[PDB]
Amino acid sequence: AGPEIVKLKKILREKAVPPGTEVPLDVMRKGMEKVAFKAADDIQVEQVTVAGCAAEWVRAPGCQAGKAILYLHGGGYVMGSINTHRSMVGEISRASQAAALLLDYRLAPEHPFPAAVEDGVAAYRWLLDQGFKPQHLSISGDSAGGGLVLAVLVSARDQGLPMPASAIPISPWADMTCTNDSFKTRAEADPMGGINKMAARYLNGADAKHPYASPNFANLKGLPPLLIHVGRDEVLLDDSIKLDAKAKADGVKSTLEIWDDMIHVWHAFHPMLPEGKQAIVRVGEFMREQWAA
């Protein structure tokens, strides 16, 4: 249906390491840093520290005064940084006209679970304490960071925190047991097991069904409206279908949208992918929808 994903899928295929090759952690970290998209030049950035983590407010133009996004990057809980996700987050800020807080939360295996959860709740709390009003808040995250979105919500709700206006997990990883069908069914279509070594590194012997590690098994009752993006052609399809089905069950509003022909966090390829640009427009549409209500 699209000539851009075809071009892009072949590119990501030519580029990937053979299946089942063991790449050092420091080697995958730097590689992700080395190939990271550069933020559009009209995105301004301000470095802060938030709950003892490095952070940047990432403000595109048009940003409105009351509003913010706690944004939680992907990387399997072991890699990714402010730098690797600054581009896509600039675009989410554009679309939603709210500044992103882009948190450099603690990474495994130097800092195992629940460290990353502990940072998310703390950044959220820090936002409220700055006097952002929950109803002026959004939370969003890709992949590992999309499960964290949820984990932080459940966690913050257990702690007495008010829920934000919406939550957008993009290609969420919300099940550390990695047993879902799509790992097998959808695996010839991901250009893109290696993800088990990251559960092992995050968990570090913890219960893999621990609600805050794998939020597909958490009590979700009370959480605010969900938009969940995932690509049909990606390993983690099931996580998103089961997140939505569990949200449903637990009283929560979600819109799952499986985008056909798309790969993992296709949003990140906005610079060359039309679906990427439009999925980002749609995220910002959805946070702006939840803010008007």
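One-based numbering along the sequence shown.
> How big is the unmodelled gap, if any, between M192 and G193 relative to the deposited sequence? Choose none, 1 to 3, 4 to 9, or 10 or more.
Missing in between: 1 to 3 residues.
> Quick check: 91 to 99 versus 181 to 189, which has the larger average CA B-factor in the record?
Looking at the recorded C-alpha B-factors, 181 to 189 comes out higher on average.
> Taking the recorded C-alpha temperature factors, which stretch has the higher mean, 226 to 234 or 61 to 69?
According to the PDB entry, the answer is 61 to 69.
> Out of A54, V35, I263, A268, which one has a C-alpha B factor higher than all the others in the entry?
Answer, based on the entry's C-alpha B-factors: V35.
> Determine, from the deposited record, the chain-internal third of the Cα B-factor for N216: lowest, middle or highest.
Ranked within chain, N216 CA B lands in the middle tercile.
> Pull the Cα B-factor of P134 out of the PDB entry and bin it into the chain's lowest, middle or highest third.
Top third by C-alpha B-factor.
> Using only modelled residues of the chain, where does the Cα B factor of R86 rank: lowest third, middle third or highest third?
It belongs to the lowest third of the chain when residues are ordered by C-alpha B-factor.
> Going by the recorded CA B-factors, say which third of the chain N204 sits in, lowest, middle or highest.
Within its chain, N204 is a middle-third residue by C-alpha B-factor, going by the deposited values.
> Looking at the temperature factor on the CA atom of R106, which third of the chain's modelled residues does it land in?
Ranked within chain, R106 CA B lands in the lowest tercile.
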